[PDB]
Amino acid sequence: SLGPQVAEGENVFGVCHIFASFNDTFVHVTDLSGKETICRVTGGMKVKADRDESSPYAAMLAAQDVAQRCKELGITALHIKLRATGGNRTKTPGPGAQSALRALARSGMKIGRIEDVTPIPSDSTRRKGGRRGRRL
Amino acid sequence: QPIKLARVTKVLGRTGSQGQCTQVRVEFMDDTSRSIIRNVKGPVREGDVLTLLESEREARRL
Amino acid sequence: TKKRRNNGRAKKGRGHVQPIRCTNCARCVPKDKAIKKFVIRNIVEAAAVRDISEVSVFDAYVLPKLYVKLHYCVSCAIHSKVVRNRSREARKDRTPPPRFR
Amino acid sequence: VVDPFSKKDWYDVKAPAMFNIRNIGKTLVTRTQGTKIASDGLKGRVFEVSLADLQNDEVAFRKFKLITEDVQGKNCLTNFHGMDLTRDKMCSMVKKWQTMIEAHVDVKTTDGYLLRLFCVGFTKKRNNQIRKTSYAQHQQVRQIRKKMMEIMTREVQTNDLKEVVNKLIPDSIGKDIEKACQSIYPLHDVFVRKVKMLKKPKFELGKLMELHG
RNA sequence: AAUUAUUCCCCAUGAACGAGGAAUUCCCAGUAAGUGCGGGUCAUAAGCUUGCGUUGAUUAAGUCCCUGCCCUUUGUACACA
RNA sequence: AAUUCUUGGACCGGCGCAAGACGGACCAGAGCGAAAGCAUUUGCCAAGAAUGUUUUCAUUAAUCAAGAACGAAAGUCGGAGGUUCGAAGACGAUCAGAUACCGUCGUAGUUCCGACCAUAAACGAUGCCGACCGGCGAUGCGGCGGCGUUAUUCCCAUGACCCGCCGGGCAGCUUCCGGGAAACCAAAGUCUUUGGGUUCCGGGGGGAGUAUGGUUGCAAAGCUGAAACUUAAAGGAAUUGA
Ligand SMILES: [Mg+2]
Ligand SMILES: [Zn+2]
């Protein structure tokens, strides 16, 4: 529980992987390596209803618990790696992306550098749903 | 945060669901040049004063 | 009766154009039949920018943008109001709508 | 009922002598409990650092991958692994009404390291051009791509890895290709999109500690 | 002609009701509301209605969110639609 | 929402490995091909339209019964493969019911090699060859002439722009050429002022692409293809309503 960095100026950086699907949100802090995990609070751990796992609210709760949990270990600032589902599926991030990123900045952390890391394929395998799509 | 005075310079358009908020261009009495857009309840006139609790946030123009 | 000259599509002298999966459905539409749209968006919406402009470690780091190209099938395009129905005269107008602000 | 972060030593990370800001940050490890060792589990961690943070303050769109190939003592020693342009940059460059020319060469340094470099270049629209398009014919494209490969190979092949990174810190390779292809078709947004690492020589320490001052 | 009290007067009897759930109405200036006075019905006769003055405001000078109705474009194998 | 997956650590983050698909953005009313169709790099092999030509042969040509080559997808037989997706299936929902749309799995298939199959809204719903008949601005390939800008600094000479011209090609806008039932069309024009050449093919709607024979195929099925009977309409474009 002791990052031996200087009390005055030294910022200890983590990196927060915000995987935001359209029916879940993840907020997951790691080393600059990306190997050693510190926190992972999902949208679904906080709220107990299936329809609001992908909420701005649930993502706001998740980022708040992550912010509080990582402040104790002594992670001061965070780099950001945002992503939607990707592959064959959507490449627009979920509605929890904005509220989560906002929430762990309202909660007194520092924001380093942000970038999209969605798995964008060269050209991909056949997408789920028939030739005639998802008819409803 | 210190409470700051924004002065209405030109009333633009009416907004809200039931046409209830006047959206107005304000010119800051503090900084010479900074002019932002704010949604305001009640009746507002061209050339009077508002007391903003925050002098950074801005309302979405239509 | 003949409604379009270019049969609702921008194919003239091919025979075959490879199909694309719609971004709302997974419906197969030809590459040129599809209503295409290029959304260049700020990662942080409108007000979040101000909170992340102050809680940033750096000095005027121009926070990045989000580039997403979307292909809609005609039904998905009309349903989402990306396009709308038009007059017999206005149908022929190919100049895209003005984006002044 | 075991606090899992009680047994965690923090380790300072060090970048090689080629960059201005030496230390990248800190790294977590578990105390040597049993047979598996802290330093051995810590060896071979890949750090993706933006060149803005790696230097003092510059371009933030170029990133360098760095491998902790050895640990000396309370200090991870990283070494050049690879390179990649950011998604935002690559997506911003690729726009319609022009020709995108892509090359890749599999070339080896004087020391063991065998890289795979990917170059990219877009046809520039002239200052008085009224034609919308500004496309390159197929033979003009593959004459450009042949010249891309010829420079990319020459620049790396003849000198060692310390000097090829010194070339990738600016974009001397991309500026050299861009000026070279002015006669065939004027390109503009020319970079070395990506650098990959396929083979390393069998690890040395004296060769690492020359790169670490 | 008053019991199933027409109405009115005098003494006595002293019920719920402590500002009102879902839902919903009318209304912007001498207007809302409080207040009483006349006309109608009328042998008897106003808790109604139709007019009159007296006292006299808060809020708003906007919109298509709600409920309605109205238009233009578009589609149709409907035309006692 | 549930079916399903997971403290025998799923989902998430990191580093490696293997497999089989596919070639994003650049990618356009752009290109090529007889049509179906065709997109990562490089090499090899043969072909091809257009332009250029004061070369050659000198009617060798146009369209075509018979006969013949190629022919998306699905389907069939044998071999290799099986990542994704997924007819039938199995369940979970929804509903009055749901043998469906929505969900979780999932077999044939989806991919390659060698043999069949020969149909598609296989579409421009528009045979091929030739002539004449308006305008305008772009666009792709080839040639020609021309201020100037730019890269080779050393500029001759090559590329990149700039402004026109000529020939083929994918298209576009415009008009009382003219045609048409109109929609619309530089062809769907040059048609009662009716004839340039030639192949295929339609004759009110159903029965019906049905029966029967013959033929091709392993099968599915393809090609050719009626009649009795039934009926006063079915239909095409455009207008006003609802
Ligand atoms: Mg076709
Ligand atoms: Zn769709």
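Just so it is clear, chain A uses Swiss-Prot numbers, and the residues here are 16-151, in order.
How was it done? The header gives electron microscopy, 3.4 Å.
Backbone N, Cα and C atoms are what each Cβ position is placed from, and that goes for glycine too.
What Swiss-Prot records for A:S16, A:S139 is phosphoserine. What Swiss-Prot records for A:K61, A:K63, A:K106 is SUMO2 cross-link. Under the heading region 'Disordered', Swiss-Prot lists A:131-151. Per Swiss-Prot, phosphothreonine is recorded for A:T133, and the stated evidence type is similarity to another entry. Feature annotation from Swiss-Prot assigns compositional bias 'Basic residues' to A:142-151.
This view paints the features noted in Swiss-Prot onto the structure.
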{"residue": "A:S16", "record": "phosphoserine", "CB count, 10 Å": "9"}
{"residue": "A:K61", "record": "SUMO2 cross-link", "CB count, 10 Å": "20"}
{"residue": "A:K63", "record": "SUMO2 cross-link", "CB count, 10 Å": "8"}
{"residue": "A:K106", "record": "SUMO2 cross-link", "CB count, 10 Å": "19"}
{"residue": "A:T133", "record": "phosphothreonine", "CB count, 10 Å": "21"}
{"residue": "A:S139", "record": "phosphoserine", "CB count, 10 Å": "13"}
Rounded Cα separation (Å) that holds between A:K61 (SUMO2 cross-link) and A:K106 (SUMO2 cross-link): 25
Rounded to the nearest Å - Cα separation of A:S139 (phosphoserine) and A:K63 (SUMO2 cross-link): 35
Residue distribution over DSSP helix, strand and coil in the compositional bias 'Basic residues' (A:142-151): 0 helix, 3 strand, 7 coil
Whole-number Å value for how far A:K106 (SUMO2 cross-link) lies from A:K63 (SUMO2 cross-link) (Cα to Cα): 27
Listed recorded positions (A:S16, A:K63, A:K106, A:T133, A:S139) that sit near chain B [CB under 8 A]: none
Within reach of chain D, those recorded positions of A:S16, A:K61, A:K106, CB-CB under 8 Å: A:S16
Proximal to chain C - modified residues among A:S16, A:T133, A:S139, CB under 8 Å: none
Cα-Cα distance linking A:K106 (SUMO2 cross-link) and A:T133 (phosphothreonine), given in Å to the nearest integer: 7
Pairwise CA distance, A:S16 (phosphoserine) versus A:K106 (SUMO2 cross-link), rounded so that it is a whole Å: 37
